[PDB]
>>> print(open('start.cif').read())   # mmCIF, C-alpha atoms; chains and numbers go by the auth columns
data_input
loop_
_atom_site.group_PDB
_atom_site.id
_atom_site.type_symbol
_atom_site.label_atom_id
_atom_site.label_comp_id
_atom_site.label_asym_id
_atom_site.label_seq_id
_atom_site.Cartn_x
_atom_site.Cartn_y
_atom_site.Cartn_z
_atom_site.B_iso_or_equiv
_atom_site.auth_seq_id
_atom_site.auth_asym_id
ATOM 1 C CA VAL A 1 154.898 -112.871 12.648 0.00 933 A
ATOM 2 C CA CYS A 2 153.954 -109.846 14.722 0.00 934 A
ATOM 3 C CA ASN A 3 156.277 -107.084 13.560 0.00 935 A
ATOM 4 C CA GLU A 4 155.528 -108.310 10.052 0.00 936 A
ATOM 5 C CA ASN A 5 152.009 -106.955 10.443 0.00 937 A
ATOM 6 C CA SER A 6 149.893 -106.737 13.596 0.00 938 A
ATOM 7 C CA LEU A 7 148.531 -104.625 16.425 0.00 939 A
ATOM 8 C CA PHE A 8 151.128 -105.765 18.906 0.00 940 A
ATOM 9 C CA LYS A 9 148.875 -105.137 21.901 0.00 941 A
ATOM 10 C CA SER A 10 148.197 -108.863 21.783 0.00 942 A
ATOM 11 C CA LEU A 11 151.943 -109.463 21.818 0.00 943 A
ATOM 12 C CA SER A 12 152.207 -107.420 24.992 0.00 944 A
ATOM 13 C CA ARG A 13 149.333 -109.460 26.384 0.00 945 A
ATOM 14 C CA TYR A 14 151.467 -112.521 25.758 0.00 946 A
ATOM 15 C CA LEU A 15 154.279 -110.719 27.556 0.00 947 A
ATOM 16 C CA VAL A 16 152.094 -109.389 30.365 0.00 948 A
ATOM 17 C CA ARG A 17 151.132 -113.023 30.823 0.00 949 A
ATOM 18 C CA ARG A 18 154.394 -114.816 30.000 0.00 950 A
ATOM 19 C CA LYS A 19 156.732 -113.156 32.476 0.00 951 A
ATOM 20 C CA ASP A 20 160.035 -113.476 30.607 0.00 952 A
ATOM 21 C CA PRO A 21 162.323 -110.439 30.798 0.00 953 A
ATOM 22 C CA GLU A 22 164.751 -112.238 28.508 0.00 954 A
ATOM 23 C CA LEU A 23 161.895 -112.271 26.009 0.00 955 A
ATOM 24 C CA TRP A 24 161.815 -108.505 26.369 0.00 956 A
ATOM 25 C CA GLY A 25 165.546 -108.244 25.775 0.00 957 A
ATOM 26 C CA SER A 26 164.805 -110.240 22.650 0.00 958 A
ATOM 27 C CA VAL A 27 162.080 -107.739 21.783 0.00 959 A
ATOM 28 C CA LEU A 28 164.204 -104.942 23.218 0.00 960 A
ATOM 29 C CA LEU A 29 167.582 -104.842 21.508 0.00 961 A
ATOM 30 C CA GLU A 30 167.397 -101.545 19.568 0.00 962 A
ATOM 31 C CA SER A 31 168.396 -102.877 16.153 0.00 963 A
ATOM 32 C CA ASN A 32 164.755 -103.352 15.207 0.00 964 A
ATOM 33 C CA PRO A 33 163.422 -100.124 13.665 0.00 965 A
ATOM 34 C CA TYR A 34 159.964 -101.391 14.556 0.00 966 A
ATOM 35 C CA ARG A 35 161.011 -101.358 18.205 0.00 967 A
ATOM 36 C CA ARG A 36 159.584 -97.843 18.266 0.00 968 A
ATOM 37 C CA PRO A 37 155.992 -98.618 17.147 0.00 969 A
ATOM 38 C CA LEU A 38 155.771 -101.535 19.558 0.00 970 A
ATOM 39 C CA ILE A 39 156.915 -99.484 22.531 0.00 971 A
ATOM 40 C CA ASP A 40 154.495 -96.804 21.402 0.00 972 A
ATOM 41 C CA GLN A 41 151.844 -99.482 21.728 0.00 973 A
ATOM 42 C CA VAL A 42 153.077 -100.626 25.117 0.00 974 A
ATOM 43 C CA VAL A 43 153.102 -97.136 26.615 0.00 975 A
ATOM 44 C CA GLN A 44 149.317 -97.422 26.810 0.00 976 A
ATOM 45 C CA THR A 45 148.421 -101.078 26.342 0.00 977 A
ATOM 46 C CA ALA A 46 150.540 -102.521 29.164 0.00 978 A
ATOM 47 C CA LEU A 47 148.567 -100.447 31.651 0.00 979 A
ATOM 48 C CA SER A 48 145.153 -101.800 30.674 0.00 980 A
ATOM 49 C CA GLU A 49 144.978 -104.851 32.938 0.00 981 A
ATOM 50 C CA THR A 50 146.479 -103.373 36.127 0.00 982 A
ATOM 51 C CA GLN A 51 146.034 -106.253 38.544 0.00 983 A
ATOM 52 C CA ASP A 52 149.406 -106.744 40.243 0.00 984 A
ATOM 53 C CA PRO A 53 152.829 -105.180 39.672 0.00 985 A
ATOM 54 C CA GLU A 54 154.508 -108.457 38.753 0.00 986 A
ATOM 55 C CA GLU A 55 155.035 -107.827 35.048 0.00 987 A
ATOM 56 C CA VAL A 56 155.361 -104.148 35.938 0.00 988 A
ATOM 57 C CA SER A 57 158.428 -104.858 38.040 0.00 989 A
ATOM 58 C CA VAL A 58 159.677 -107.360 35.479 0.00 990 A
ATOM 59 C CA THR A 59 159.461 -104.904 32.603 0.00 991 A
ATOM 60 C CA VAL A 60 161.063 -102.057 34.531 0.00 992 A
ATOM 61 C CA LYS A 61 163.837 -104.505 35.386 0.00 993 A
ATOM 62 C CA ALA A 62 164.177 -105.202 31.675 0.00 994 A
ATOM 63 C CA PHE A 63 164.261 -101.448 31.127 0.00 995 A
ATOM 64 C CA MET A 64 166.988 -100.575 33.613 0.00 996 A
ATOM 65 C CA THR A 65 168.989 -103.733 32.809 0.00 997 A
ATOM 66 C CA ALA A 66 168.842 -103.076 29.103 0.00 998 A
ATOM 67 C CA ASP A 67 169.397 -99.524 30.263 0.00 999 A
ATOM 68 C CA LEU A 68 166.233 -98.045 28.867 0.00 1000 A
ATOM 69 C CA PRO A 69 167.370 -94.459 29.294 0.00 1001 A
ATOM 70 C CA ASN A 70 165.545 -91.237 29.984 0.00 1002 A
ATOM 71 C CA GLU A 71 162.909 -90.339 27.390 0.00 1003 A
ATOM 72 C CA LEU A 72 161.893 -93.971 27.572 0.00 1004 A
ATOM 73 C CA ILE A 73 161.152 -95.100 31.124 0.00 1005 A
ATOM 74 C CA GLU A 74 159.899 -91.814 32.549 0.00 1006 A
ATOM 75 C CA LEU A 75 157.011 -92.369 30.162 0.00 1007 A
ATOM 76 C CA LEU A 76 156.131 -95.460 32.166 0.00 1008 A
ATOM 77 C CA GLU A 77 156.712 -93.601 35.410 0.00 1009 A
ATOM 78 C CA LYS A 78 154.373 -90.724 34.769 0.00 1010 A
ATOM 79 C CA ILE A 79 151.704 -92.787 33.067 0.00 1011 A
ATOM 80 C CA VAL A 80 151.468 -95.325 35.872 0.00 1012 A
ATOM 81 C CA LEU A 81 151.713 -92.326 38.167 0.00 1013 A
ATOM 82 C CA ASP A 82 148.532 -90.491 37.327 0.00 1014 A
ATOM 83 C CA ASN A 83 145.444 -91.945 39.008 0.00 1015 A
ATOM 84 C CA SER A 84 146.096 -95.667 38.825 0.00 1016 A
ATOM 85 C CA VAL A 85 145.226 -98.505 41.141 0.00 1017 A
ATOM 86 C CA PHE A 86 148.643 -97.790 42.613 0.00 1018 A
ATOM 87 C CA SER A 87 148.655 -94.732 44.858 0.00 1019 A
ATOM 88 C CA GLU A 88 151.409 -96.328 46.957 0.00 1020 A
ATOM 89 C CA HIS A 89 155.162 -95.821 46.569 0.00 1021 A
ATOM 90 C CA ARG A 90 156.928 -99.196 46.254 0.00 1022 A
ATOM 91 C CA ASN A 91 160.093 -97.656 44.796 0.00 1023 A
ATOM 92 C CA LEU A 92 157.617 -96.051 42.406 0.00 1024 A
ATOM 93 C CA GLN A 93 158.223 -92.412 43.273 0.00 1025 A
ATOM 94 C CA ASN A 94 161.755 -93.399 44.211 0.00 1026 A
ATOM 95 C CA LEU A 95 162.874 -94.512 40.769 0.00 1027 A
ATOM 96 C CA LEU A 96 160.750 -91.574 39.680 0.00 1028 A
ATOM 97 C CA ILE A 97 163.098 -89.190 41.471 0.00 1029 A
ATOM 98 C CA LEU A 98 166.087 -91.193 40.283 0.00 1030 A
ATOM 99 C CA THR A 99 164.914 -90.574 36.734 0.00 1031 A
ATOM 100 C CA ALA A 100 164.370 -86.952 37.693 0.00 1032 A
ATOM 101 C CA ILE A 101 168.060 -86.912 38.581 0.00 1033 A
ATOM 102 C CA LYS A 102 168.981 -88.559 35.296 0.00 1034 A
ATOM 103 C CA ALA A 103 166.725 -85.972 33.637 0.00 1035 A
ATOM 104 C CA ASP A 104 167.295 -82.633 35.407 0.00 1036 A
ATOM 105 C CA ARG A 105 164.197 -81.033 33.919 0.00 1037 A
ATOM 106 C CA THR A 106 161.802 -78.453 35.363 0.00 1038 A
ATOM 107 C CA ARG A 107 159.139 -81.167 35.419 0.00 1039 A
ATOM 108 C CA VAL A 108 160.723 -82.362 38.676 0.00 1040 A
ATOM 109 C CA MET A 109 159.175 -79.420 40.520 0.00 1041 A
ATOM 110 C CA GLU A 110 155.534 -80.183 39.769 0.00 1042 A
ATOM 111 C CA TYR A 111 156.331 -83.859 40.175 0.00 1043 A
ATOM 112 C CA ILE A 112 157.281 -83.118 43.780 0.00 1044 A
ATOM 113 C CA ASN A 113 154.275 -80.856 44.045 0.00 1045 A
ATOM 114 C CA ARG A 114 152.172 -83.899 43.213 0.00 1046 A
ATOM 115 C CA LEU A 115 154.387 -86.301 45.157 0.00 1047 A
ATOM 116 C CA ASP A 116 153.507 -87.558 48.627 0.00 1048 A
ATOM 117 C CA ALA B 1 151.047 -88.157 25.602 0.00 1399 B
ATOM 118 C CA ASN B 2 153.539 -85.679 24.153 0.00 1400 B
ATOM 119 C CA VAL B 3 152.561 -82.064 24.589 0.00 1401 B
ATOM 120 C CA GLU B 4 154.137 -80.159 21.663 0.00 1402 B
ATOM 121 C CA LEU B 5 150.861 -81.208 20.086 0.00 1403 B
ATOM 122 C CA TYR B 6 148.994 -78.895 22.434 0.00 1404 B
ATOM 123 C CA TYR B 7 151.282 -75.982 21.678 0.00 1405 B
ATOM 124 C CA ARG B 8 150.959 -76.472 17.938 0.00 1406 B
ATOM 125 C CA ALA B 9 147.173 -76.677 18.037 0.00 1407 B
ATOM 126 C CA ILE B 10 146.810 -73.691 20.336 0.00 1408 B
ATOM 127 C CA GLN B 11 149.200 -71.627 18.244 0.00 1409 B
ATOM 128 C CA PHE B 12 147.036 -72.524 15.281 0.00 1410 B
ATOM 129 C CA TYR B 13 143.698 -71.638 16.809 0.00 1411 B
ATOM 130 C CA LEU B 14 145.252 -68.498 18.228 0.00 1412 B
ATOM 131 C CA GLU B 15 146.243 -67.805 14.646 0.00 1413 B
ATOM 132 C CA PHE B 16 142.945 -69.196 13.350 0.00 1414 B
ATOM 133 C CA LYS B 17 140.211 -70.110 15.866 0.00 1415 B
ATOM 134 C CA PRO B 18 140.709 -68.671 19.345 0.00 1416 B
ATOM 135 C CA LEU B 19 136.937 -68.631 19.673 0.00 1417 B
ATOM 136 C CA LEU B 20 137.285 -72.343 19.112 0.00 1418 B
ATOM 137 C CA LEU B 21 140.386 -72.468 21.313 0.00 1419 B
ATOM 138 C CA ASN B 22 139.217 -71.172 24.688 0.00 1420 B
ATOM 139 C CA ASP B 23 136.902 -74.119 25.361 0.00 1421 B
ATOM 140 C CA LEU B 24 139.610 -76.552 24.341 0.00 1422 B
ATOM 141 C CA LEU B 25 142.042 -75.004 26.793 0.00 1423 B
ATOM 142 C CA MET B 26 139.597 -76.018 29.498 0.00 1424 B
ATOM 143 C CA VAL B 27 139.077 -79.455 27.991 0.00 1425 B
ATOM 144 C CA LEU B 28 142.817 -80.222 28.073 0.00 1426 B
ATOM 145 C CA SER B 29 143.175 -79.472 31.780 0.00 1427 B
ATOM 146 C CA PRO B 30 144.625 -82.347 33.817 0.00 1428 B
ATOM 147 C CA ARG B 31 148.061 -83.076 32.391 0.00 1429 B
ATOM 148 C CA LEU B 32 149.687 -79.791 31.406 0.00 1430 B
ATOM 149 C CA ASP B 33 152.918 -77.814 31.405 0.00 1431 B
ATOM 150 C CA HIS B 34 150.833 -74.869 32.506 0.00 1432 B
ATOM 151 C CA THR B 35 153.730 -72.495 33.060 0.00 1433 B
ATOM 152 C CA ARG B 36 155.183 -72.950 29.584 0.00 1434 B
ATOM 153 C CA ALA B 37 151.717 -72.223 28.242 0.00 1435 B
ATOM 154 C CA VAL B 38 151.375 -69.049 30.265 0.00 1436 B
ATOM 155 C CA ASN B 39 154.811 -67.899 29.143 0.00 1437 B
ATOM 156 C CA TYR B 40 153.667 -68.458 25.588 0.00 1438 B
ATOM 157 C CA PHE B 41 150.517 -66.438 26.230 0.00 1439 B
ATOM 158 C CA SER B 42 152.580 -63.637 27.734 0.00 1440 B
ATOM 159 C CA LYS B 43 154.460 -63.763 24.449 0.00 1441 B
ATOM 160 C CA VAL B 44 151.135 -63.478 22.630 0.00 1442 B
ATOM 161 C CA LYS B 45 149.660 -60.984 25.139 0.00 1443 B
ATOM 162 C CA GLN B 46 146.187 -62.547 24.821 0.00 1444 B
ATOM 163 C CA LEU B 47 146.164 -63.971 28.344 0.00 1445 B
ATOM 164 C CA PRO B 48 143.205 -61.663 29.148 0.00 1446 B
ATOM 165 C CA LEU B 49 141.233 -63.634 26.592 0.00 1447 B
ATOM 166 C CA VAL B 50 142.121 -66.976 28.201 0.00 1448 B
ATOM 167 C CA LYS B 51 141.282 -65.496 31.616 0.00 1449 B
ATOM 168 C CA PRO B 52 138.380 -67.967 32.149 0.00 1450 B
ATOM 169 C CA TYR B 53 140.673 -70.983 32.293 0.00 1451 B
ATOM 170 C CA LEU B 54 142.992 -68.950 34.468 0.00 1452 B
ATOM 171 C CA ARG B 55 140.346 -68.227 37.079 0.00 1453 B
ATOM 172 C CA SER B 56 139.460 -71.895 36.779 0.00 1454 B
ATOM 173 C CA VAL B 57 142.867 -73.332 37.617 0.00 1455 B
ATOM 174 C CA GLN B 58 143.457 -70.540 40.148 0.00 1456 B
ATOM 175 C CA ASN B 59 143.499 -73.157 42.917 0.00 1457 B
ATOM 176 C CA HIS B 60 146.980 -74.553 42.363 0.00 1458 B
ATOM 177 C CA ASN B 61 148.826 -71.474 43.721 0.00 1459 B
ATOM 178 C CA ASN B 62 151.755 -71.147 41.333 0.00 1460 B
ATOM 179 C CA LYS B 63 153.970 -68.118 40.815 0.00 1461 B
ATOM 180 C CA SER B 64 152.706 -68.049 37.247 0.00 1462 B
ATOM 181 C CA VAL B 65 149.137 -68.015 38.551 0.00 1463 B
ATOM 182 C CA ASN B 66 150.020 -65.141 40.832 0.00 1464 B
ATOM 183 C CA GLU B 67 151.732 -62.892 38.317 0.00 1465 B
ATOM 184 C CA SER B 68 149.043 -63.610 35.751 0.00 1466 B
ATOM 185 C CA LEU B 69 146.213 -62.534 38.015 0.00 1467 B
ATOM 186 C CA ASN B 70 148.298 -59.645 39.294 0.00 1468 B
ATOM 187 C CA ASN B 71 149.011 -58.092 35.912 0.00 1469 B
ATOM 188 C CA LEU B 72 145.437 -58.780 34.866 0.00 1470 B
ATOM 189 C CA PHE B 73 144.327 -56.740 37.856 0.00 1471 B
ATOM 190 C CA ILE B 74 146.930 -54.049 37.202 0.00 1472 B
ATOM 191 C CA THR B 75 145.599 -53.632 33.689 0.00 1473 B
ATOM 192 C CA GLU B 76 142.151 -54.191 35.169 0.00 1474 B
ATOM 193 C CA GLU B 77 142.563 -51.890 38.190 0.00 1475 B
ATOM 194 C CA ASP B 78 140.047 -53.932 40.211 0.00 1476 B
ATOM 195 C CA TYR B 79 140.342 -54.280 43.977 0.00 1477 B
ATOM 196 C CA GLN B 80 137.424 -56.347 45.312 0.00 1478 B
ATOM 197 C CA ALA B 81 138.220 -59.425 43.272 0.00 1479 B
ATOM 198 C CA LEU B 82 141.836 -58.381 43.731 0.00 1480 B
ATOM 199 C CA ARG B 83 141.370 -58.492 47.493 0.00 1481 B
ATOM 200 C CA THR B 84 139.801 -61.937 47.177 0.00 1482 B
ATOM 201 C CA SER B 85 142.628 -63.212 44.994 0.00 1483 B
ATOM 202 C CA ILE B 86 145.539 -61.847 47.008 0.00 1484 B
ATOM 203 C CA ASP B 87 143.966 -63.236 50.160 0.00 1485 B
ATOM 204 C CA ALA B 88 143.346 -66.562 48.450 0.00 1486 B
ATOM 205 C CA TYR B 89 147.022 -67.539 48.211 0.00 1487 B
ATOM 206 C CA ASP B 90 150.531 -66.563 49.235 0.00 1488 B
ATOM 207 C CA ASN B 91 153.121 -67.943 46.812 0.00 1489 B
ATOM 208 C CA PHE B 92 154.494 -64.584 45.649 0.00 1490 B
ATOM 209 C CA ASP B 93 156.333 -61.503 46.839 0.00 1491 B
ATOM 210 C CA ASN B 94 154.754 -58.081 47.289 0.00 1492 B
ATOM 211 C CA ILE B 95 157.612 -55.548 47.179 0.00 1493 B
ATOM 212 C CA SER B 96 157.122 -54.710 43.498 0.00 1494 B
ATOM 213 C CA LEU B 97 153.398 -54.874 44.193 0.00 1495 B
ATOM 214 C CA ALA B 98 153.828 -52.140 46.788 0.00 1496 B
ATOM 215 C CA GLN B 99 155.838 -50.213 44.220 0.00 1497 B
ATOM 216 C CA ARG B 100 152.932 -50.439 41.799 0.00 1498 B
ATOM 217 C CA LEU B 101 150.405 -49.374 44.404 0.00 1499 B
ATOM 218 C CA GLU B 102 152.344 -46.526 46.033 0.00 1500 B
ATOM 219 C CA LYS B 103 151.515 -44.473 42.941 0.00 1501 B
ATOM 220 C CA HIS B 104 148.200 -46.200 42.193 0.00 1502 B
ATOM 221 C CA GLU B 105 146.592 -42.743 42.490 0.00 1503 B
ATOM 222 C CA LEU B 106 143.968 -44.614 44.532 0.00 1504 B
ATOM 223 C CA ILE B 107 144.455 -44.731 48.287 0.00 1505 B
ATOM 224 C CA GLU B 108 141.698 -47.342 48.177 0.00 1506 B
ATOM 225 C CA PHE B 109 144.255 -49.525 46.417 0.00 1507 B
ATOM 226 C CA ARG B 110 147.094 -47.937 48.349 0.00 1508 B
ATOM 227 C CA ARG B 111 145.090 -49.029 51.376 0.00 1509 B
ATOM 228 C CA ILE B 112 145.719 -52.522 50.052 0.00 1510 B
ATOM 229 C CA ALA B 113 149.387 -51.630 49.718 0.00 1511 B
ATOM 230 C CA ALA B 114 149.397 -50.779 53.405 0.00 1512 B
ATOM 231 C CA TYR B 115 147.505 -54.009 54.047 0.00 1513 B
ATOM 232 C CA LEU B 116 150.108 -56.179 52.365 0.00 1514 B
#
>>> encode(input="start.cif", output="structure tokens")
Amino acid sequence: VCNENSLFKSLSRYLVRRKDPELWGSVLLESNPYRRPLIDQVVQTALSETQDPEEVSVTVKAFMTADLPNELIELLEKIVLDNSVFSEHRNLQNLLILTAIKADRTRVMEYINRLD
Amino acid sequence: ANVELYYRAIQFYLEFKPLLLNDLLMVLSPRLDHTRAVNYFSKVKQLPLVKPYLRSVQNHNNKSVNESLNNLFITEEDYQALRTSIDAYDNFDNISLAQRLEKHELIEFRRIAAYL
């Protein structure tokens, strides 16, 4: 029903509640052209709640396991990076630098320069 | 998120409404590829017009910041504020700076050459 017509923020909410990475892999299988608009909705909606990194971890697992490549995850990285509840580094900056490696882009410099 | 937006809009206002652009440059501060912007302004030579924002973000102590202020002073031929600036940060060489000053025709400024 959703992709048919909806603001899929609610769908995310279902996801960010129903912790089912396999359900992501269902959502995330790249043959859906509408996979782009929905991820464009998640790149801001998923961050709204920000209570505990459970679904965060789960969705980044889904990303790396479905191999969500550069240009896709680093979005998540930087957005959760800047001034969130999470100023800690639970593999956060670490996968950040890993993506920096998989990216090899000048951005890495200032990323360091903000990293601690 | 994506930033090409910024470049397009600024190129426009540059071309159309720089009076309406300056302010915006300030408003778009936090997340920025500042150095690419300053390279672009070098290309457009109108960095002296965007000087306010420059003096604003002066804090971050980047090579770009340095060279910007330096050439602005060269063109400007100021020393007092130049003294302040050069003392404010360190992330830049001074050899070429000494080369500039050694013929500055102004021992007052060549005094600063000796200082550095």
>>> closest_residue(input="start.cif", among="A:1003, A:1014, A:981, A:1009", to="residue 1400 in chain B", atoms="all atoms listed in the file")
A:1003
>>> interface_residues(input="start.cif", of="chain A", to="chain B", cutoff="10 Å", atoms="all atoms listed in the file", output="VMD selection string")
chain A and resid 975 to 976 1007 1011 1014 1038 to 1039 1042 1045
>>> resolve_selection(input="start.cif", expression="the PyMOL selection byres ((chain B and resi 1438) around 12)", output="list in words")
residues 1404, 1405, 1406, 1408, 1409, 1412, 1431, 1432, 1433, 1434, 1435, 1436, 1437, 1439, 1440, 1441, 1442, 1443, 1444, 1445, 1448 and 1462 of chain B
>>> atom_distance(input="start.cif", atom1="CA of residue 1453 in chain B", atom2="CA of residue 1471 in chain B")
12.2 Å
>>> atom_distance(input="start.cif", atom1="CA of residue 969 in chain A", atom2="CA of residue 934 in chain A")
11.7 Å
>>> atom_distance(input="start.cif", atom1="CA of residue 983 in chain A", atom2="CA of residue 1000 in chain A")
23.9 Å
>>> residues_around(input="start.cif", residues="residue 1006 in chain A", least_positions_apart="5", cutoff="9 Å", atoms="all atoms listed in the file", output="PyMOL selection string")
chain A and resi 1001+1011+1028+1031-1032
>>> closest_residue(input="start.cif", among="A:1048, A:1016, A:1026, A:998", to="residue 958 in chain A", atoms="all atoms listed in the file")
A:998
>>> closest_residue(input="start.cif", among="B:1402, B:1491, B:1485, B:1475", to="residue 1503 in chain B", atoms="all atoms listed in the file")
B:1475
>>> resolve_selection(input="start.cif", expression="the PyMOL selection byres ((chain B and resi 1421) around 12)", output="list in words")
residues 1408, 1411, 1415, 1416, 1417, 1418, 1419, 1420, 1422, 1423, 1424, 1425, 1426, 1427, 1447, 1448, 1449, 1450, 1451 and 1454 of chain B
>>> resolve_selection(input="start.cif", expression="the PyMOL selection byres ((chain A and resi 938-940) around 10)", output="PyMOL selection string")
chain A and resi 933-937+941-946+969-974+977
>>> residues_around(input="start.cif", residues="residue 1509 in chain B", least_positions_apart="6", cutoff="12 Å", atoms="only C-alpha atoms", output="ChimeraX atom specification")
/B:1477,1481,1496,1499-1503
>>> residues_around(input="start.cif", residues="residue 1018 in chain A", least_positions_apart="5", cutoff="10 Å", atoms="all atoms listed in the file", output="list in words")
residues 982, 983, 984, 985, 1012, 1013 and 1024 of chain A
>>> closest_residue(input="start.cif", among="A:978, A:1047, A:1033, A:960", to="residue 1008 in chain A", atoms="all atoms listed in the file")
A:978
>>> residues_around(input="start.cif", residues="residue 995 in chain A", least_positions_apart="3", cutoff="10 Å", atoms="all atoms listed in the file", output="ChimeraX atom specification")
/A:953,956-957,960,989-992,998-1001,1004-1005
>>> residues_around(input="start.cif", residues="residue 951 in chain A", least_positions_apart="3", cutoff="8 Å", atoms="all atoms listed in the file", output="MDAnalysis selection string")
chainID A and resid 947:948 987 990
